[PDB]
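The lines below spell out each chain.
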Amino acid sequence: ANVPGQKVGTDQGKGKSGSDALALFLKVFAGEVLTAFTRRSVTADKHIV
Amino acid sequence: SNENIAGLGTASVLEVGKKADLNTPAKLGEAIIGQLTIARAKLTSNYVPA
């Protein structure tokens, strides 16, 4: 059957639920920022200035 | 939820006595040093370093 081993991500404290197996790991920053798309003008050079 | 993991240890609260029956200042140090003995012993059984 299965192999006995360690549970490094499960929380097995006193009086604490252990139904999640990824509770002690952290969330990290990806490395890219989603900025809005740029806008451009069209009438800059089509009249008298 | 008084422990981190079961089988490691809890905290200790010790009573000294009534307040109206310790008028003399030297009648309070006796109780204090008489209750510090149990506090000394309850910290060693949890393997707390000295």
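Residues numbered from 1 in each chain as written, not as in the entry; some residues may be left out. Chains lettered and ligands numbered in written order. Part of a larger assembly, values for the part shown. Heavy atoms only, no water.

As deposited, the entry is annotated with cryo-EM as its determination method and 3.17 Å as its resolution.

**Points about the overall build of chain A**
If you tally the helices and strands in chain A, you get 0 helices and 0 strands. Taken over the C-alpha atoms alone, chain A extends approximately 80 × 30 × 15 Å along its principal axes. Every one of the 49 residues in chain A was classed for burial, and the buried ones make up 4%. Summed over its atoms, the accessible surface of chain A is roughly 5,600 Å², and 57% of this surface lies on carbon and sulfur atoms. Charged side chains of chain A number 7 positive and 4 negative; the gap between the two group centres comes to 4 Å. (Helix = DSSP H or I, 4+ residues; strand = E, 2+ residues; numbered from the N terminus. Buried < 20%, exposed > 50% of the residue type's maximum accessible area, 1.4 Å probe, protein only. Areas by Shrake-Rupley, 256 points an atom, 1.4 Å probe, with all protein chains shown as cover. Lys, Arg positive; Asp, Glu negative; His and termini not counted. Charge placed at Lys NZ, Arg CZ, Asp CG, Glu CD.)

**Digging into the overall build of chain B**
When you go through chain B residue by residue, the secondary structure sums to 1 helix and 0 strands. Computed over C-alpha atoms, the radius of gyration of chain B comes to 15 Å, more than 25% over the 10 Å expected from 2.2 N^0.38 for 50 residues, which places it beyond the range of a compact globule. Along the first, second and third principal axes, the C-alpha set of chain B runs to 45 × 25 × 10 Å. Looking at chain B as a whole, 2% of its 50 residues are labelled buried. A total accessible area of about 4,600 Å² is found for chain B, and carbon and sulfur atoms account for 60% of it. (Rg over C-alpha atoms; globule rule 2.2 N^0.38 Å.)

**Focus on the environment of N4 of chain B**
Among the structural elements, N4 of chain B can be located in the segment before α1 (29-44). Apart from the residues within four sequence positions on either side, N4 of chain B is in contact with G13 and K14 of chain A. (Contact = heavy atoms within 4.5 Å.)

**A few points about a nonpolar patch on the surface**
Judged by side-chain polarity, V16, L28, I32, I33 and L36 of chain B come together as a nonpolar surface patch covering roughly 460 Å² of accessible area. Structurally, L36 of chain B is set in helix α1. (Patch = residues over 30% accessible without salt bridge, like charges linked within 9 Å, V, L, I, M, F, W, Y side chains within 5 Å. Salt bridge = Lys/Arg side-chain N within 4 Å of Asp/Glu carboxyl O.)

**A short note on unusual backbone geometry**
One non-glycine residue, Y47 of chain B, lies in positive phi territory at about 70 degrees. Tracing the sequence through the fold places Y47 of chain B in the segment after α1.

**Looking at the side chain of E3 of chain B**
Summarising the element assignment, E3 of chain B is placed in the segment before α1. Accessibility expressed as a relative area gives 18% for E3 of chain B, which makes it buried. Once you skip the residues sitting within four places of it in the chain, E3 of chain B turns out to touch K14 of chain A together with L8, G9 and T10 of chain B.

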